[PDB]
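Student: Take the deposited numbering: the final residue in the sequence shown is number 127, and no numbers are missing along the way. Before I ask anything, let me first share the structure, which is written out below as structure tokens.
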Amino acid sequence: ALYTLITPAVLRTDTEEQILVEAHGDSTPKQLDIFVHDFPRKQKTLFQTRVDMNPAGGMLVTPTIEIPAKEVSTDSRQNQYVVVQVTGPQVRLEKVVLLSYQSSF
Numbered sequence: 023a024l025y026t027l028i029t030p031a032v033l034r035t036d037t038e039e040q041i042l043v044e045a046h047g048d049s050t051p052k053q054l055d056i057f058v059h060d061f062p063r064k065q066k067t068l069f070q071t072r073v074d075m076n077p078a079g080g081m082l083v084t085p086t087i088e089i090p091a092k093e094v095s096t097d098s099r100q101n102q103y104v105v106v107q108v109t110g111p112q113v114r115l116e117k118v119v120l121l122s123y124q125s126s127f
């Protein structure tokens with residue numbers, strides 16, 4: 023009965039990231055899509071993928087997304103957001119987060 027989405031508060035473009043998605047109390051399997059759209063306009067699909075979540079895996083998942091900064095048209099002059107989304111059987115979740123252009127060290 024409880025579906026959770028935890029992602030990093032701030033997501034690094036052109037750098038892999040991992041987000042936590044859980045089902046609390048629901049021993050019946052599932053197959054969900056992970057979607058990320060530019061905020062606020064939802065103009066383009068930045069990242070899409072699909073994962074199965076079964077009882078074996080504790081009923082949770084660690085999908086790895088990866089926004090390409092090649093798809094962020096903004097400059098570093100103001101804080102541009104992107105929005106996370108999960109959808110499937112008896113579930114949907116939606117979370118807006120901030121984006122870092124960080125490359126490296």
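For every residue, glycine included, the Cβ atom is placed at its ideal position computed from N, Cα and C.
Which of the three DSSP states, helix, strand or coil, is assigned to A45?
Tutor: It is a strand residue.
Student: Using 8 Å for Cβ pairs, my map puts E38 next to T96. What's the rounded Cβ distance?
Tutor: About 21 Å; that fails the 8 Å criterion.
Student: For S98, report the span of its beta strand (DSSP E) as first-last.
Tutor: Run containing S98: none; DSSP gives neither H nor E here.
Student: Where does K52 sit, in a helix, a strand or coil, going by DSSP?
Tutor: Note: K52 maps to strand in three-state DSSP.
Student: Hey, is the region 64 to 74 in contact with the region 114 to 125, meaning 3+ C-beta pairs nearer than 8 Å?
Tutor: Result no; under three Cβ-Cβ pairs closer than 8 Å.
Student: When DSSP labels each residue in this structure, what does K66 get in the three-state scheme?
Tutor: If DSSP states are grouped into helix, strand and coil, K66 belongs with coil.
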